[PDB]
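# Structural characterization, general
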Amino acid sequence: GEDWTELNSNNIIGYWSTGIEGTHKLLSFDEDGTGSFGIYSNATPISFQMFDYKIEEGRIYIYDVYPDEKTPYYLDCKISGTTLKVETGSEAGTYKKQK
């Protein structure tokens with residue numbers, strides 16, 4: 001049916017977008033650095049944050065965020081190549097890979 005892969009430290013790597021309008025959201029994850037999460041409105045950047053992460057459960061583990069650092073938690077998500085499906089969190093929805 002929906003036959004997803006193991007989320008791992010290598011398939012997540014790169015940027016992830018919805019589309020370019022209204023109120024969009026943008027993500028990145030590096031292999032040996034950090035992630036980054038942005039939020040826009042129409043054609044202006046309105047948020048930014050970064051966080052370290054690990055993949056120690058077939059989920060994102062979040063445990064360092066800035067500038068307002070937050071509690072550590074895990075994030076249920078799926079991946080197969082070019083479609084991120086996050087189920088929970090700020091970034092919960094769908095995105096396409098953007099590299």
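You'll find the structure just up there.
Now for a quick tour of the structure.

Thresholds applied
Residues numbered from 1 in each chain as written, not as in the entry; some residues may be left out. Heavy atoms only, no water. Helix = DSSP H or I, 4+ residues; strand = E, 2+ residues; numbered from the N terminus. Rg over C-alpha atoms; globule rule 2.2 N^0.38 Å. Buried < 20%, exposed > 50% of the residue type's maximum accessible area, 1.4 Å probe, protein only. Contact = heavy atoms within 4.5 Å. Areas by Shrake-Rupley, 256 points an atom, 1.4 Å probe, with all protein chains shown as cover. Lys, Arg positive; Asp, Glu negative; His and termini not counted. Charge placed at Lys NZ, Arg CZ, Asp CG, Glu CD. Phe/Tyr/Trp six-rings, centres within 6.5 Å; stacked < 30°, edge-to-face > 60°. Core = buried A, V, L, I, M, F, W, Y, C linked by side-chain atoms within 4.5 Å.

### Some words on the overall build of the protein
- Within the protein, the regular secondary structure consists of zero helices and nine strands.
- Over its C-alpha trace the protein gives a radius of gyration of 13 Å, about what one expects of a compact globule, namely 13 Å for 99 residues.
- Looking at the 99 residues of the protein, the share that counts as buried comes to 28%.
- Sequence-distant contacts, at least 24 apart, represent 28% of the contacts inside the protein between residues at least 6 apart.
- Total accessible area on the protein is roughly 6300 Å²; 46% of this is exposed by carbon and sulfur atoms.
- A distance of 5 Å separates the average location of the 9 positive side-chain charges in the protein from that of its 16 negative side-chain charges.

### Remarks on the packing of aromatic side chains
- Taken as a whole and judged by the stated rule, the model has four aromatic pairs.
- With a centroid separation of 5.2 Å and 85 degrees between ring planes, the pair formed by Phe 29 and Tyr 53 is classed as edge-to-face. Here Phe 29, found in strand 2 (residues 25-29), pairs with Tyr 53, found in strand 4 (residues 44-54); they are 24 residues apart in sequence, far enough to count as distant.
- Note on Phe 29: relative accessible area 2%, which makes it buried.
- Judged by relative accessible area, which is 8%, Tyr 53 ranks as buried.
- Ring geometry for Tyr 61 versus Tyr 74: centroids 4.5 Å apart, planes at 25 degrees, classification stacked. Placement of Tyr 61 in strand 5 (residues 60-66) and of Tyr 74 in strand 6 (residues 73-75) is noted, with a sequence separation of 13 residues between them.

### Concerning the nonpolar core
- Ranked by internal contacts, the top residues of the largest apolar core, which has 18 residues, are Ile 12, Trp 16, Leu 27, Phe 29, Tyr 53, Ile 62 and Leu 84.
- Elements with a minimum of two residues in this core: strand 2, strand 4, strand 5 and strand 8 (83-86).
- For this core, the element with the highest residue contribution is strand 5, accounting for three residues.

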